Every structure is written in C-alpha cells, then in structure tokens.
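All Cβ positions, even for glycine, are placed from backbone atoms using ideal geometry, and neighbour counts span all protein chains on display. Every read-out reported here was derived from the displayed coordinates using simple, explicitly stated rules and does not represent laboratory data.
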Amino acid sequence: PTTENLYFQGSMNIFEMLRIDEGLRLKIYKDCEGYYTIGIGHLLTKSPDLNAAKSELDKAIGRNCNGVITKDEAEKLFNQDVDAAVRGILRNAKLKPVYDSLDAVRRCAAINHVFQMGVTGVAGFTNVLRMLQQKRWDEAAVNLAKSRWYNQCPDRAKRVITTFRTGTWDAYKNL
C-alpha cells in the first residue's frame, strides 16, 4: 500500500460505509424489496401506499415535503438512523456482547447490518452471532450468504458480508 492506501481507512467509517451501500436519493423511491425509501436508506414504510410514505416523510422531516428532501435533510435523518442502529445493538443482551468482541471495522459491519435488517432480524442469526464471537470469519460470511437479506438484494449486502469476513475496508475501495 502507498501512503495514499494507508490513509484510506481513516477516510472510512460507518457513515461513509452505509452511504455507499444505500446511495443517496432526494426523492422517494422503491428499494430492492419494493419498499418506499428516501435519503440514505431511510425506509419510510412497508405499505405499498405512496401516500403513507409521504406522510411518514413529512413526519420524519417535520415539514411539507411532497416526496422531496434536501441533502442536509438526508444527512440529518441518516445520522438519526445510524444512532438508532447503534442504540439498538448496545441495549440488546444478545447483540451487545458479540458487538463488543468485534474489532472497529467489523463493528461498522454490525451497525450496517442492523441498520438494514433491524435488531430482531439480526439477533435471530444465532449461528452467525456465535461464529462472529468465536472469530470464525469465513464460516460467518458463508452463513450470511445463505440469508434472505443478502439473497433478495445482493448488491446492498455483499460489501457488508465481505467486511465481516476480512475486517478491512477493501470492499469499499474502487467503486
């Protein structure tokens, strides 16, 4: 690695990670599961009713958005969502000890996974959680690749799985 390559890890963090996996969209759109989404992976509702999603949006942002937000608004909502994912891990008796056992980069992958799937979905991967705590990285990654989360929407999940396998930021390089 050049001096530049050694710098790359200081440029990566949970915000830059999720920003890559989720993209940034200022208008309501449907995610790979068909759920109305906006900003940086903010799920608005699972209802197929666009009107419900606009209502959730106005509630989330605090103004009459009519389906569009600013970048600054996308970022504030994103910061709230990241904080919620972190809080969901740390208060959970199952997830917290596994999270604590992880290195900094795998902790980002953990937060990312919870941001995407929610706490109960992640806390339900009993085998993967055991494998992570036992540092069985290859097995953990192979088992994550069996999940519906990954298989229904591989592009959004592939880099997270790689990150659990390696504990490096390599999957986020050369976009």
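Are there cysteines in the chain with no second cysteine's Cβ under 4.7 Å away, and if so, which?
Within the chain, the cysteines lacking a partner Cβ under 4.7 Å are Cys65, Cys108.
Specify the angular offset, from 0 to 90 degrees and rounded to the nearest 10, of the alpha carbon long axis of helix 71-90 from the longest principal axis of the alpha carbons in the chain.
With rounding to tens, the tilt is 50 degrees.
Can you tell me the 0 to 90 degree angle between the C-alpha axis of helix 154-166 and the longest principal axis of the chain, rounded to 10?
On a 0 to 90 degree scale, this one is about 30.
Going from the alpha-carbon gyration tensor of the chain, what semi-axes, largest first and in whole Å, does one get by taking the root of 5 times each eigenvalue?
After diagonalising the Cα gyration tensor, the semi-axes are 28, 19, 15 Å.
What does the net charge come to around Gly167 if you take all other residues with beta carbon closer than 9 Å to its beta carbon, with K and R at +1 and D and E at -1?
Numbers: positive: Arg106, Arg165; negative: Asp103.
So the environment of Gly167 carries a net charge of +1.
Along the Cα→Cβ direction, 7 angstrom out, place labels at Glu75 and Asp100. What is the inter-label distance in nm?
Those two pseudo-labels are separated by 3.4 nm.
If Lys and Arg each add +1 and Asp and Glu each add -1, what is the summed charge of the other residues whose beta carbon sits under 15 Å from the beta carbon of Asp103?
Values: positive: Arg106, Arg107, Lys135, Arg136, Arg165; negative: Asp100, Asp170.
Net charge in that neighbourhood comes out at +3.
Can you tell me which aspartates and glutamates have their Cα less than 19 Å from the Cα of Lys54? Leave out same-chain residues fewer than eight positions away.
Filter leaves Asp31, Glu33, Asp72, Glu73, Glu75, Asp81.
Pairs to check: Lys27/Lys173; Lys146/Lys173; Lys27/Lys135. Give those whose C-alpha atoms are more than 30 Å from each other in this structure.
Details: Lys27/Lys173 27 Å; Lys146/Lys173 25 Å; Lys27/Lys135 40 Å.
Table pairs above 30 Å Cα-Cα are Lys27/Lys135.
Is the C-alpha gyration tensor of the stretch 88-175 telling us rounded, prolate or oblate? Criteria: a/c under 1.5 is rounded; beyond that, a/b larger than b/c is prolate, otherwise oblate.
Rounded is the answer for the stretch 88-175, as its axis ratio a/c remains below 1.5.
Quick one: net charge of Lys46's neighbours, Cβ under 12 Å, K/R +1, D/E -1?
Computed value for this residue: -3.
By its C-alpha gyration tensor, with a ≥ b ≥ c as the square roots of the eigenvalues, how is the stretch 127-168 shaped: rounded for a/c under 1.5, else prolate for a/b larger than b/c, else oblate?
Values: a/c = 2.90, a/b = 1.48, b/c = 1.95.
Verdict is oblate for the stretch 127-168.
Can you give me the angle between helix 104-117 and the longest principal axis of the chain, using Cα atoms only, in degrees from 0 to 90, rounded to the nearest 10?
The angle comes out near 40 degrees.
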